[PDB]
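The same protein chain appears twice below, in two forms, each given on its own as structure tokens and labelled structure 1 and structure 2.
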Structure 1
């Protein structure tokens, strides 16, 4: 059997590395580039301009590289960039983003995007993220490394999801989630930090201790964001993980989840 199934539709302008697999009844549209070791399943719709990296897996009934609704004018160049070693499960929908304003939809490496998850236009996903079933990013959402968004997490446009943060199932996020923070409910509320994920990553006892103290400064001692940021300056300069936490609060444009 051929690597590229004869029942698939491959546009002449698509560029696939020699060992790429495409399942039956899949469509690889114009301006779609697929890197080495990528496996496209059956019944997949790929639309471009889209660049897919190496060793990716894209499952049936997914629509990857869908139109950007934002378009300032008809024919504005758009793009979707996907990195390496990602898993895109069944029914996933991923929209492209605008090139001109550096707002392309981009996905990094080692991500797991589970069944029927949705990635809205201009969203940026880092590395080692998990977007569980039916998680939806409205648009212009930034998801930093190692974030875990539990099943049916909804993210309002322009929200930033901090590195190593966690949302509980069915969370509705309207504000920025600082790095490491665990959020739950509709509307989302901050509960704690994902200390479990810190240990799995091999954070030192001292870095975990400073992060636990950092959480209290921000959420449990009646400080304003401005006051909290000044109180964390000292710890952030000493612990890169605390600087990650402080930086996410500093870069919050929609306020932080409380």
Structure 2
């Protein structure tokens, strides 16, 4: 451990073994930091916030702030961050709202690049990448391995499916199904993230069942109900297709087309 004496550590904060806190950082009341986490210089941490192990948080980041969206803040709302996350320069992460989840949740092994915004009540899974200035407005669910390219904007309540991909400057207003590639403002479905399936070792059979799964949903004039029925068999054979099918079935307010 090195706790720099120019940092401010609230008496109610809890620091585990091997935690580093750089100069002029604030570890506010009710912030818990897990084993081996490195807080850079000029970082503002605010609670109630739970941060796990072996995280890295860069300078000028505001982690666990209140949403500005309310004037009168509800407390106590939480921020939970898991393990092995990188949070780059100037990132903003807001805690939840009493109305909704009362918690913003980030899992493990995520890369959140400079000036990205994680809005109130959002949930990030594991192994996600949010590129520079990605902004999640609030109540955004990002499932595992999803990649949002630089300056991707996401409206409230949108679901970003597992292994999905957004192009630079995408503006997402509807759910993105698992594996789907989206581009533009407003965002449009283009293809699937075949590159990602390969890099995570999907069988060719799985990749071909997912290609056919795309066409079923987007290209053959079927209701969502008819697509779910058509996808049932492929979904039962391939867990990878089931992830796709589940992402479409969970979309009650429709999907990015």
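Positions refer to the first chain, counted from 1. The term rigid core refers to the most C-alpha atoms you can superpose between the two forms while keeping them within 1.5 Å. Residues that one form lacks are left out of the comparison.
Per-residue Cα shift between structures 1 and 2 after core alignment stays below 2 Å for all of 182, 150, 98, 127 except 98. For residue 70, the Cα coordinates differ by 2 angstroms or more between structures 1 and 2 after the core has been superposed. Once the core of the two forms is superposed, the Cα of residue 168 has moved 0.2 Å between structures 1 and 2.
The two forms line up on their rigid core, and residue 253 then has its Cα shifted by 2.7 Å between structures 1 and 2. Listed in sequence order, the runs of 3 or more residues present in both forms whose C-alphas shift by at least 2 angstroms between structures 1 and 2, with the core superposed, are 68-76, 98-103.
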